[PDB]
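One-based numbering, in listed order, for ligands and for the atoms of each. Naming: A, B, ... by sequence-line order, numbering from 1 per chain.
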Amino acid sequence: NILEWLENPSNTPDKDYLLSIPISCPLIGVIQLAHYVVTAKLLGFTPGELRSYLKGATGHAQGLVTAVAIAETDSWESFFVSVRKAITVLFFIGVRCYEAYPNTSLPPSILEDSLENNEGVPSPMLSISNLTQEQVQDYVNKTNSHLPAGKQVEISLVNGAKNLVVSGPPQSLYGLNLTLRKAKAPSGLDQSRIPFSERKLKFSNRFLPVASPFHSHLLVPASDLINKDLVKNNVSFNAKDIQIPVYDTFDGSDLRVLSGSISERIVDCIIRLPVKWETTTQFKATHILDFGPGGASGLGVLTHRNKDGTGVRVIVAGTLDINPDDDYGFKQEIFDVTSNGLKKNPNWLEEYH
Amino acid sequence: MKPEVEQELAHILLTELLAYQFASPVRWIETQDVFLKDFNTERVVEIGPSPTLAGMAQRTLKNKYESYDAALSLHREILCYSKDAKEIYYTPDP
Amino acid sequence: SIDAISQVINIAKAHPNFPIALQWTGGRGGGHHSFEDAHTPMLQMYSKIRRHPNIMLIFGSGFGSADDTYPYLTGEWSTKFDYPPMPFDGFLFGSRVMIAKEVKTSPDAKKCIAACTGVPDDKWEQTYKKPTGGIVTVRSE
Amino acid sequence: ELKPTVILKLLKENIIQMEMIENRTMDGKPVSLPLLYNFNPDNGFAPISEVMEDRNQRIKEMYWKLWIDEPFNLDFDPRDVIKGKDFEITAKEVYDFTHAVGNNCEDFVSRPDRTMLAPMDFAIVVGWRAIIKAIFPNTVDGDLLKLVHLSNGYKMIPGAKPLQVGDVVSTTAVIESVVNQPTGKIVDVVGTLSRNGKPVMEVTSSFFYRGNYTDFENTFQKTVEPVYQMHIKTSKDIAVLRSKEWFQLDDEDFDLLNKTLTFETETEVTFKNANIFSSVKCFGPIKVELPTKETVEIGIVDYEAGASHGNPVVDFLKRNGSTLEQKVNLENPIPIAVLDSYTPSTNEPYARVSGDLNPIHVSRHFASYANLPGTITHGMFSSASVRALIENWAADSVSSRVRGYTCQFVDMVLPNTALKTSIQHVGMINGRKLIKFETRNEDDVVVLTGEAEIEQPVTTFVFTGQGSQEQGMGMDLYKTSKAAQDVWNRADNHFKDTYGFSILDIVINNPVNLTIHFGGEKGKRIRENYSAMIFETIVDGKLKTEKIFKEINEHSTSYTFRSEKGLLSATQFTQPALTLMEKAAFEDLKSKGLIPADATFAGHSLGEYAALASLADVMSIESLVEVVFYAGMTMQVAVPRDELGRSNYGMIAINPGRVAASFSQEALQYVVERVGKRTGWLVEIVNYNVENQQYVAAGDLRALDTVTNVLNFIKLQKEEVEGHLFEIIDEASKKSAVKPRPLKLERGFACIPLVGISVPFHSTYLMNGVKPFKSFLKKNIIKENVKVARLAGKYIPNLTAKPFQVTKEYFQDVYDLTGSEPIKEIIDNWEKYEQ
Ligand SMILES: Cc1cc2nc3c(=O)[nH]c(=O)nc-3n(C[C@H](O)[C@H](O)[C@H](O)COP(=O)(O)O)c2cc1C
């Protein structure tokens with residue numbers, strides 16, 4: 001009951017329950033759709049013509065559903081049907097994935113060790129930064145060699161060259177984290193006097209705020225149930241109805257030209273296949289509007305860091321804030337009518353040609 | 001197997017093991033592998049005046065059971081009677 | 001290093017009008033040198049440097065021809081590091097011009113310099129252990 | 001939705017009926033409790049009078065309809081055992097129960113490629129229909145609306161795996177004790193849950209019928225009295241025991257003097273009134289403590305009496321013997337965590353999953369009629385929630401690690417209340433941590449309090465071998481621990497009586513020389529003990545019998561043990577001292593209750609003997625020290641020693657890691673074998689200690705010198721390979737051979753000679769002496785004292801470094817390393833032994 005939670009913040013549930021995926025998936029969908037509605041209304045656009053202005057659409061795992069929905073949107077009259085499609089898909093993937101791999105209480109010994117090692121609460125998704133994919137993969141394989149098949153960990157989100165996310169059991173990810181801590185240097189280790197080759201690699205691993213291990217073998221049994229549930233509470237995305245390219249999370253291919261069911265492919269992208277965000281980021285665009293959650297901590301700044309120096313400006317459409325560096329936009333840049341609204345990110349190959 | 005026959009067999013086997021123990025090499029590699037990997041021993045207690053076997057078990061763990069320990073989150077607490085009496089007795093210092 | 005580059009960036013920020021020539025040089029450069037790689041600090045700090053137009057980026061520490069300097073001129077040196085192109089504003093040639101006719105280096109010292117075969121970038125760090133490429137690292141006062 | 005809850009009417013001109021309808025039922029059909037009241041207009045002040053006749057029967061009938069799904073029949077003996085219907089554990093049921101109690105442990109949640117366990121609290125769900133049937137009989141009369149659940153407890157029997165999804169569990173309830181107290185009637189029910197015939201666990205449940213009851217003829221009480229220990233010091237004690245009729249012995253001539261008797265009695269009392277028992281019976285087995293600390297039945301307590309004011313047996317045992325408390329408190333409690341739980345807004349989720357449809361937990365009107373502060377929640381829910389917290393925190397979210405859990409419901413708990421539970425580790429019981437908890441409500445009022453027996457983490461006990469002996473070993477434990485005192489004193493007394501020396505004194509003072517004197521009858525007996533000591537060796541099929549202490553004869557007035565620096569470093573005294581201080585440390589641990597029942601154990605060298613005497617109690621302290629002292633003294637004659645007492649044998653500690661990274665266990669074994677074979681002398685690896693980081697090689701001092709030299713050479717440098725290694729061996733051997741026989745092994749860059757060792761034990765050299773040593777070990781280790789349960793799965797022998805198992809594969813493994821005729825006979829005749 002979200003209306004009551006919004007009207008009375010006092011009796012809202014706790015953050016862990018809200019973060020649980022059967023809540024988080026549909027509610028992150030609502031947040032993204034609300035950002036889209038605010039943008040379109042304040043610009044005086046119908047969702048269809050705003051989509052037509054958009055060169056393309058895509059999403060990080062969950063946001064792909066919203067991307068396809070706003071891709072299919074036509075007008076305010078039929079905008080709620082696409083909202084219903086997106087919200088139903090998100091609700092069902094959340095419910096079925098939670099059923100497939102619910103959240104259990106981790107050993108408080110593990111929790112205390114993680115906390116005293118300047119680490120957050122263990123979660124089914126662990127983000128690792130400043131490590132190459134091959135290095136993260138060898139660590140994952142070393143951990144998987146000992147773990148059994150049902151408790152394996154695999155890379156879920158290839159956010160960037162030096163940014164990855166490994167999904168699996170929280171306990172298995174804590175074991176991987178123990179190995180990484182064994183292989184990790186202190187942050188405050190002054191290595192300026194050591195040769196670059198001889199320097200011990202340093203990286204940062206932190207558990208994401210997630211409640212289920214997305215893009216893992218663990219949520220695979222949920223996929224068929226989600227597909228059948230969509231066919232029952234009919235939510236189908238048709239290539240003909242979609243009128244802008246939607247870039248796949250796995251291979252970056254447009255979802256329109258896919259022979260198979262777009263809804264089924266989306267579900268596999270969220271639950272089974274990993275997200276190769278760089279491989280999706282091959283589209284040629286000058287401006288990227290990030291409607292996701294997190295604001296400054298959301299997908300927009302990550303995409304900006306990936307695409308920095310290529311002449312692509314990212315605008316965080318969901319937050320009103322000032323970026324001191326002015327290397328990425330905010331909600332005001334979308335609605336600004338002066339030359340301030342039109343900000344082109346530097347392209348090093350051109351500007352410093 | 002009847003209980004009495006089982007006892008007789010076990011007594012003969014134990015006698016023979018003890019009899020050949022002083023004439024045959026000590027396979028403490030296999031013993032450590034058995035009680036660290038097959039049983040996943042979480043706490044080792046070493047009954048001795050010095051932490052000899054405790055240091056040996058520690059060495060086996062750093063040399064061999066490191067990725068195993070990390071992956072399966074086995075808190076291998078190696079305690080020796082001579083120095084880790086507080087840990088063995090559950091008498092933490094207030 | 002990174003801290004020094006950040007300090008240069010702070011100076012440029014404090015004086016956004018005055019031109020600052022950031023003469024980056026990796027550890028592989030001749031004479032006094034650091035332990036830092038010639039490339040990764042630049043891959044890390046290039047965007048911050050270009051956020052200030054009054055900074056001019058000059059690359060040194062291991063350049064002695066136009067063939068090996070053109071990739072840094074166009075910025076395509078970063079494409080092999082999987083970064084966007086990273087054009088550089090200038091270059092400096094310290095060890096190349098040591099055997100030039102107008103330097104006061106003695107003829108035998110010039111012959112000794114020319115005898116140094118040199119090594120690629122990836123194996124310059126061996127100078128800390130052995131005379132790699134005819135050149136070795138030593139500690140000053 | 002809205003459904004009828006009460007119907008008030010008149011059945012006749014006088015009977016007012018209040019049908020209190022519970023709509024929450026097993027089959028969904030409403031069940032009406034009719035409460036009848038006489039209406040007397042003549043008595044205008046109080047016209048309405050409760051109809052007591054059949055009131056308790058009606059309440060019981062309605063509760064039976066709600067709880068039990070069998071035809072209503074209250075006429076059955078409370079003594080008779082109640083058999084509950086066979087119940088099948090399902091994933092859905094475990095799912096619902098876990099999410100109703102708040103059990104988030106991963107053990108109970110379905111996971112891929114892993115069997116789903118059921119919570120310990122699920123036992124009450126399995127056995128409610130019998131445990132609650134216990135309190136129904138008309139003989140145990142009482143108002144069920146006034147029932148109070150005083151306490152509930154779970155106890156897994158040892159060796160029983162936790163409940164798992166799919167197993168079929170049978171429940172057998174018995175009324176342990178029903179007693180009329182002034183404030184009400186206590187009824188204690190014990191429900192045994194069994195699986196595949198074997199028992200799984202026991203569920204105790206105490207119920208209180210508040211009211212006044214005088215039907216003592218139907219009251220009885222069975223109590224397992226605490227175990228009592230009595231040391232028989234004098235013949236007065238024996239006379240007092242024999243004067244007791246109840247004290248009966250199978251062997252009337254059994255020698256009770258200097259013996260410890262343990263009494264495990266159970267008292268069954270039937271009451272005549274509140275104070276006086278109508279009949280008192282006290283029955284149990286009396287057992288004696290053997291030298292191996294093993295209690296074996298030698299008699300029985302059998303007391304029977306009619307009207308009596310008490311049980312004289314328990315009074316006598318309390319006054320004379322001492323109570324053995326299995327639980328052992330720590331020096332100070334150890335707080336674990338203070339946790340906040342919340343009682344649910346409704347009790348239907350727990351009621352429908354546990355089967356407890358008590359209306360006081362779901363219906364406002366029934367609670368009002370029961371005078372409760374509100375729709376109070378299941379105490380069993382609170383117990384399940386606290387046990388979830390305990391297995392999460394005390395047990396680190398390991399279901400199997402929780403073996404016992406008792407809880408007392410001191411106060412009622414209302415829904416939507418914050419319960420603060422402080423968990424403390426207060427003691428140990430048979431190697432299980434005893435955890436107290438005290439759950440209080442928001443008003444700082446205790447509402448739950450109980451115990452939890454949580455198994456320790458998987459424990460192994462590794463007993464150290466010779467090498468670390470030092471003066472003052474185990475003496476602080478000898479000062480403090482009483483069990484260590486007893487072990488050391490038994491050892492010292494045996495050594496004084498037999499060989500006339502004090503192992504305690506040797507450990508404390510480390511004398512360089514020790515003179516045993518053979519004056520008087522005691523000295524002559526000690527001299528005979530010394531002369532009887534022989535070293536028997538079957539060499540080349542001939543049983544040589546060398547004599548240890550060849551000096552000692554009938555005319556020897558004294559013998560003197562010599563040492564260079566101290567006698568505690570001599571194998572004769574080093575091994576018994578080490579074995580004794582190990583056994584004393586373990587015995588103090590056992591007295592403190594820190595030994596898990598399932599703990600495994602191994603021992604390096606003598607360490608094995610100490611581990612056997614410690615965990616398995618195969619041999620007593622006396623036999624242990626006898627065997628170990630005999631072995632240590634046979635070492636003195638096992639190797640030909642020169643006139644200076646030094647032999648040409650020893651040991652070195654090789655480190656394959658410090659010679660070269662290439663050097664592995666296989667490489668070192670290859671080099672050692674080639675050294676021995678090519679040079680002709682004896683050398684071999686005796687202790688495989690650490691992988692490529694610590695090994696021991698025993699053999700000739702000269703040969704070990706060549707091994708050290710060759711490994712030094714391999715450190716200094718990097719069929720045909722065999723010939724090259726042979727050349728290195730030849731160089732080292734021709735360099736070392738010319739040295740005098742009593743040479744000193746030099747420290748290599750990787751070889752560390754071991755000081756104080758002059759015999760190559762654990763080597764092929766002492767194979768001829770195994771059989772006579774085996775016979776001596778048989779004389780010392782009695783078959784009856786070997787406990788297969790204590791040894792199997794826990795003992796890892798050094799010969800066969802696998803868990804001890806009496807199996808044909810294990811016996812064949814014994815031959816695979818060392819062939820022996822009895823083993824081959826056993827394997828050949830195995831089909832005969834199994835039958
Ligand atoms: C002989 C010699 C003297 C140098 N003296 C200085 C100096 O005095 N101050 C300084 O900042 N760098 C000095 N350098 C470093 C160079 O100026 C330049 O920064 C870079 O390291 C040269 O790189 P390269 O040898 O690969 O061409 C010297 C280099 C050489 C070879």
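- Considering only non-hydrogen protein atoms, atom 18 (C) of ligand 1 sits nearest to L92(C) CD1, 3.8 Å.
- When hydrogens are left out, the protein atom nearest atom 19 (O) of ligand 1 is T25(C) CG2, 3.5 Å; that is the closest non-hydrogen contact.
- At the shortest separation from atom 4 (C) of ligand 1 among protein heavy atoms lies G31(C) CA, 4.7 Å.
- The closest side-chain donor-acceptor pair between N306(A) and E278(A) falls under 3.5 angstrom.
- In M98(C), the part holding a heavy atom less than 4.0 Å from any atom of ligand 1 is the side chain.
- In summary, the side chains of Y352(A) and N347(A) do not present any donor paired with an acceptor at a separation below 3.5 Å, with no hydrogens or angles considered.
- Residues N205(A) and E119(A) bring a donor and an acceptor atom of their side chains to less than 3.5 Å of each other.
- Of the candidates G30(C), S95(C), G94(C), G30(C) brings a heavy atom nearest to atom 14 (N) of ligand 1.
- To the nearest 0.5 Å, the span separating CG on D290(A) from OG1 on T303(A) amounts to 6.5 Å.
- Taking the six-membered ring where the residue is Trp, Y72(C) and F59(C) present perpendicular rings, their angle passing 60° and hence far from 30°.
- There is a protein heavy atom less than 4.0 angstrom from atom 25 (O) of ligand 1.
- Put simply, no part of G60(C) is less than 4.0 Å from ligand 1, judged by heavy atoms.
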